Amino acid sequence: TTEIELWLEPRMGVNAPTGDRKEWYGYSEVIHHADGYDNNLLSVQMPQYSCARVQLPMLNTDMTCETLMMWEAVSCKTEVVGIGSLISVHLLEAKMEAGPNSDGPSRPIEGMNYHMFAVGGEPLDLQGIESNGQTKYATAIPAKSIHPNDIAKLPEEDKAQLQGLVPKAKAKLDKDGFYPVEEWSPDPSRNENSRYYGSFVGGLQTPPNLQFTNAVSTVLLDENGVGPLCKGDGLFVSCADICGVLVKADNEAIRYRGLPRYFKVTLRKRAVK
Amino acid sequence: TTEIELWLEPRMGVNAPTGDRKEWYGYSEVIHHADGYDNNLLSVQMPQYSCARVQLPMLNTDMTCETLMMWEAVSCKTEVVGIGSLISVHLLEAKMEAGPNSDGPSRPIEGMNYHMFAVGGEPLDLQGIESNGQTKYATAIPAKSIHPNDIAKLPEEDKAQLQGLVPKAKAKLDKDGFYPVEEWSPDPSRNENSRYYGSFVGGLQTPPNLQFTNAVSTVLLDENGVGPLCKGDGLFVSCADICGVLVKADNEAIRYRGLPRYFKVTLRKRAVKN
Amino acid sequence: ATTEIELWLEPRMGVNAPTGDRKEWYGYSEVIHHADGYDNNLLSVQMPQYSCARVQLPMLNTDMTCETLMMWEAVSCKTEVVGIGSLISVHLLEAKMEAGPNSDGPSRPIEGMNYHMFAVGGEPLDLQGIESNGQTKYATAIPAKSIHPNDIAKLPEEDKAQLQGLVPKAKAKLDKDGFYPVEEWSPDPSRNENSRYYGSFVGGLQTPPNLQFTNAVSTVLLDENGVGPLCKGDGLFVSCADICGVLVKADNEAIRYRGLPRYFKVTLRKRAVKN
Amino acid sequence: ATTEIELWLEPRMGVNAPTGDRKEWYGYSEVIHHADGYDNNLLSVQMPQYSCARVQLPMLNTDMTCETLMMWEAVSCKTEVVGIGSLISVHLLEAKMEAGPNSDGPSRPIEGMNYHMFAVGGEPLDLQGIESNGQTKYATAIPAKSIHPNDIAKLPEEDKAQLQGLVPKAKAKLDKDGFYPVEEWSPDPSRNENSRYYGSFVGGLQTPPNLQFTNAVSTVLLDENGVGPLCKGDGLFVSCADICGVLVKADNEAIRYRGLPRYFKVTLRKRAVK
Amino acid sequence: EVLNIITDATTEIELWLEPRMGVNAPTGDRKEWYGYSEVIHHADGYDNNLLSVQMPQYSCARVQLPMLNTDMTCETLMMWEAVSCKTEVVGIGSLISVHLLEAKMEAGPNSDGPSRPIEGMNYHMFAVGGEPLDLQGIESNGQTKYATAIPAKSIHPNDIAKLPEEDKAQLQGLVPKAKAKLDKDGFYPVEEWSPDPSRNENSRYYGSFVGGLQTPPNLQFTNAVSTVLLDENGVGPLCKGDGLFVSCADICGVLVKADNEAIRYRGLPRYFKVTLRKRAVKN
Ligand SMILES: [Mg+2]
Ligand SMILES: [Mg+2]
Ligand SMILES: [Mg+2]
Ligand SMILES: [Mg+2]
Ligand SMILES: [Mg+2]
């Protein structure tokens with residue numbers, strides 16, 4: 001038996017409280033309707049998956065032996081923190097929800113809620129897609145994010161295929177704040193050594209629906225009673241928690257809002273062949 | 001136990017990234033309110049079911065034996081991929097969700113959500129229906145789609161019957177991207193060797209509600225512990241996943257949007273009476 | 001010992017046949033306005049009704065005088081609303097456009113009130129009558145095209161406000177297809193001891209319709225003592241009503257209800273009873 | 001050994017009888033305006049109330065002084081709201097039309113607040129008082145048409161803001177039908193040991209009413225020790241309240257609450273007690 | 001070290017927790033709005049200082065249980081173990097009111113219709129533990145201006161983390177130093193403090209949130225359900241010092257002012273009934 005705790009901070013676009021965008025950590029950069037067509041869509045405008053690898057106590061001195069020991073993740077407790085902050089109606093720079101001569105409340109955080117968490121023994125497998133195959137993305141050296149066609153490398157005239165399923169558009173979630181949610185999803189064709197759980201509610205004004213409790217556990221064992229086996233004695237957790245949007249007052253454009261997620265994974269030892 | 005994996009790409013109307021409509025693959029053609037009355041409704045304006053038959057390993061050397069082996073589908077995992085892409089508020093040509101002089105976001109994908117998947121040992125049985133019996137449909141040779149009255153062959157003065165249940169309007173889901181969702185539904189009076197599961201949320205602005213996970217399975221065994229029996233060593237898989245609509249900015253017409261679905265079907269060998 | 005029974009029930013939303021002047025709106029209701037029943041007489045074609053049918057089962061007993069008889073017992077059923085995919089249409093005929101007045105957008109889809117109920121019993125489903133407005137004016141026909149609670153209760157005109165509560169005399173059996181309007185009749189929970197009914201309702205004019213369809217789900221009809229509905233006279237009685245929303249006309253924004261057909265598959269067994 | 005009990009509870013939305021001047025709006029409330037209770041005295045007919053009734057059961061004991069006595073024990077119940085189909089009406093008398101000003105569209109259907117609760121017990125249901133506005137003005141008549149929390153707590157006027165929280169003195173028994181308003185009284189969870197109540201609430205003015213009806217479902221009334229409500233005095237007490245939405249008037253856009261009758265079927269058995 | 005249960009070994013506890021939406025007492029100038037928050041405007045906290053009365057807070061209370069051990073230096077002692085509890089929000093029916101004082105009218109400009117009912121954000125949580133509930137701090141806006149009084153009427157996450165002004169944007173993520181214990185009624189704002197899942201090993205909390213300004217409130221109430229407080233090992237919270245700690249917060253929606261369309265939060269009281277048993281422990 002053993003237990004592992006850690007926090008995953010949100011990666012909505014502004015992924016660090018530094019630089020010019022310092023004051024909007026935990027948010028995305030402002031997004032307009034023609035972005036990606038009038039201009040190049042920035043990394044800071046695309047909410048990304050969070051990820052982390054935890055080094056577990058190394059179990060095998062000689063890895064050449066036929067019978068080895070491995071950490072097996074049996075269950076997990078996970079929770080999104082800071083949900084109470086979403087009741088705010090005094091949001092900075094946010095649009096007022098009232099008539100022209102009023103002094104009413106600001107728009108609260110509302111809209112798209114995308115929530116996923118994953119526990120596995122190796123990086124999460126991702127499948128790429130594009131809502132618009134010809135969306136213009138900015139490029140920097142080094143790269144601040146990675147998009148499906150950076151791997152599939154289809155000709156520019158063939159990028160409409162990315163609106164369906166491109167088998168070459170696959171990747172591993174091997175870097176935090178690097179894979180945009182709107183382009184990558186957990187790959188159901190793989191992820192045999194991982195468990196992921198996701199839900200999505202669209203719309204711009206949809207009421208956010210979130211729960212939080214410390215009395216619920218997610219069992220990670222499969223039908224055979226075997227959970228994720230941590231290769232290299234590494235535990236891989238990943239998440240994504242878009243909780244809604246903020247509506248700017250001046251031009252009504254939006255930023256996504258994310259919240260931190262907590263993990264407590266319970267592991268046992270298993271002998272493998 | 002053997003597992004079979006495959007993807008079913010969406011057939012919303014623009015069913016291939018080729019031609020003039022190449023850039024809107026995975027979407028439908030633009031739809032206006034008077035389409036089908038002011039003109040002929042196009043096949044690219046009607047989302048259709050996706051289907052595929054998978055050839056399984058041949059099991060029998062002689063089909064006249066009283067006892068034969070058949071592949072039995074016992075369970076399945078299925079998932080709609082690309083759900084995170086539905087958060088986009090920078091959609092091409094989409095209507096802006098803000099005031100007249102603003103520079104706000106675009107409408108995200110929202111509206112009708114029609115999600116169904118099916119696993120069987122033979123093509124899925126379909127039942128035809130029309131919301132408007134007198135809807136005008138375009139015709140090409142060869143046909144790009146098939147409609148209920150193409151089989152029922154009712155006189156034009158009797159097509160209002162298709163707004164109810166016309167028993168002669170039956171078909172098998174035997175062609176990918178051919179049977180429109182708005183005209184064909186899984187036939188509950190048949191499909192004894194298939195299992196289908198469907199859900200529908202209407203409206204044009206409804207927030208889409210979707211889930212994705214790899215820790216959930218659907219048991220395909222019936223009350224007698226028998227799953228679909230693959231006739232001719234063929235596993236038949238069907239789906240249709242309308243995830244909402246995109247609203248044009250210039251004239252506010254809509255395109256349906258669909259997403260690919262994945263299948264992992266678990267099968268075993270069963271001996272049956274012949 | 002065992003038998004299965006299949007049948008369809010076509011919707012009875014008002015226009016109950018693809019014949020006559022209203023032929024093209026079979027499966028819909030007649031157009032309804034806010035003052036109908038007040039400035040004019042409300043028509044039966046404007047009132048969705050329950051669908052019902054009696055299925056003749058194989059005869060079980062020869063001498064009906066015998067002390068011990070045999071009855072068919074419905075144990076389970078599968079039921080499904082077919083044609084749900086047609087509700088995605090945004091090109092509905094004569095429908096209001098869902099966009100700015102100077103656009104060329106889609107039509108309003110079928111949305112709004114969803115009233116879904118099905119029933120299986122050994123006798124006609126017992127109904128209880130009610131009125132949302134006691135003084136609603138209903139058209140009169142001989143023979144009648146529909147029946148209303150006061151046709152049975154027969155209260156004086158000045159006492160019809162009682163029908164907005166519960167009038168015990170306002171009771172009937174669902175004994176005629178396309179005859180008992182939904183807005184006036186409900187399953188009677190004070191009876192129906194030999195029937196099983198399951199119903200749900202979601203109101204509003206713009207509510208998104210929420211419907212499911214599958215063939216891997218059954219409904220067990222046995223009660224807490226393991227007894228299902230016993231078919232009297234060797235007759236199986238099925239009932240249903242499936243309002244899936246409304247259509248909004250473009251010219252004056254009035255509405256029509258819309259329904260879809262429902263399928264039944266009931267499994268029955270033989271059961272001995274005392275006469 | 002075992003008995004069954006049936007009874008109907010008619011709604012007490014304000015107009016609590018099909019007699020008098022407000023005869024035609026039985027089953028509804030009186031019209032409610034925003035400034036009512038401030039511009040005037042709020043009427044009892046403007047406040048939906050709980051229904052209740054005591055059902056006399058067969059007498060069991062010839063001497064209430066014996067150490068061992070028999071009592072009726074309610075083990076399970078079947079309850080249903082009737083008339084749900086009537087909520088589809090879009091031709092409500094005097095109701096606001098939901099269409100453009102030049103149109104001839106349908107009326108507003110019944111929608112908005114849904115407050116549904118039923119209770120079964122061996123004695124009157126215990127209630128706890130509250131006020132959303134402590135200084136609400138209530139009309140007075142002799143005999144009283146309803147009762148309010150401060151009629152029992154008897155706080156001075158300048159301290160009535162306490163009733164916007166928890167005032168322990170504002171307690172009462174549901175001992176009179178069409179007498180205790182819903183907006184002032186809730187079931188008291190600090191008591192009601194000999195009762196079972198089940199309630200739900202969806203607010204707002206335009207929320208779609210969501211209701212179900214079936215005769216295949218029962219509610220078990222036993223507690224964790226397998227004991228149900230014991231009927232003191234051989235009397236069974238049932239209570240309810242079923243606000244199903246509001247009607248909006250066309251002329252001033254004010255509202256009436258609308259309720260529906262509720263049916264009860266309670267199964268009882270004989271139990272010996274000390 | 002938890003041992004076995006001792007089989008007068010049980011007891012029951014009841015109490016009410018009144019809402020602390022900001023106006024936390026029916027006294028003073030804000031007396032008439034007890035159970036509500038103070039009026040809130042969009043630019044509050046930016047062009048002025050946000051007040052304690054404008055920030056709904058958690059309710060909490062300690063219940064003194066019967067003393068179990070006379071000699072606290074004994075090797076084997078006994079503690080109260082909370083096994084289950086019933087909890088209920090009272091006054092839910094009051095939320096049907098459409099004649100709310102000073103509330104905006106929901107009708108056309110020349111009409112006389114109903115007021116807006118209570119609707120909007122719903123935040124409902126309750127917690128039962130053997131010690132104060134652990135809290136984790138956060139800020140929706142890092143630079144929100146908060147009014148300060150001596151003594152303080154509420155506490156904010158940066159009062160503990162003590163970050164410099166140019167680093168308060170970290171409070172929009174997870175600042176580990178911003179932790180506290182729910183040890184004071186009407187003092188910890190809901191919009192800044194959440195139950196800390198990295199701690200609270202001796203507490204059980206259950207919460208849900210539905211946002212938006214016009215969302216229909218959805219609440220239930222019944223006396224026929226219990227919440228089992230035992231963990232996976234069959235051990236409920238152990239009450240250190242024979243003290244039972246109950247916490248809650250029940251924002252049920254907002255009231256919209258008619259004159260300027262600004263809002264007040266509204267809360268309702270919550271009831272608790274905790275069942276406890278005697279559990280042996282090793283000191
Ligand atoms: Mg695989
Ligand atoms: Mg069949
Ligand atoms: Mg009866
Ligand atoms: Mg008590
Ligand atoms: Mg810990």
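Order of the sequence lines sets the chain letters (A, B, ...), proteins ahead of strands, with each chain counted from 1. Each ligand, and each atom within it, is numbered from 1 in the order the structure gives.
Between D:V266 and D:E6, every side-chain heavy-atom pair lies at or beyond the 4.5 Å cut-off. Between A:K172 and A:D125, the closest side-chain pair of non-hydrogen atoms falls below 4.5 Å.
Between the CZ atom of E:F245 and the CG atom of E:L133 there is a distance of 11.0 Å, given to the nearest 0.5 Å.
Because the distance cut-off is set at 2.8 Å, D:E6 qualifies as a neighbour of the Mg ion (ligand 3) through one of its N, O or S atoms. Residue A:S189 counts as close to the Mg ion (ligand 1), with an N, O or S atom under 2.8 Å. Among the atoms of E:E201, an N, O or S atom is found under 2.8 Å from the Mg ion (ligand 5).
Note on ring orientation: taking the six-membered ring where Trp is involved, the planes of C:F118 and C:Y198 are parallel (angle under 30°, cut-offs 30° and 60°).
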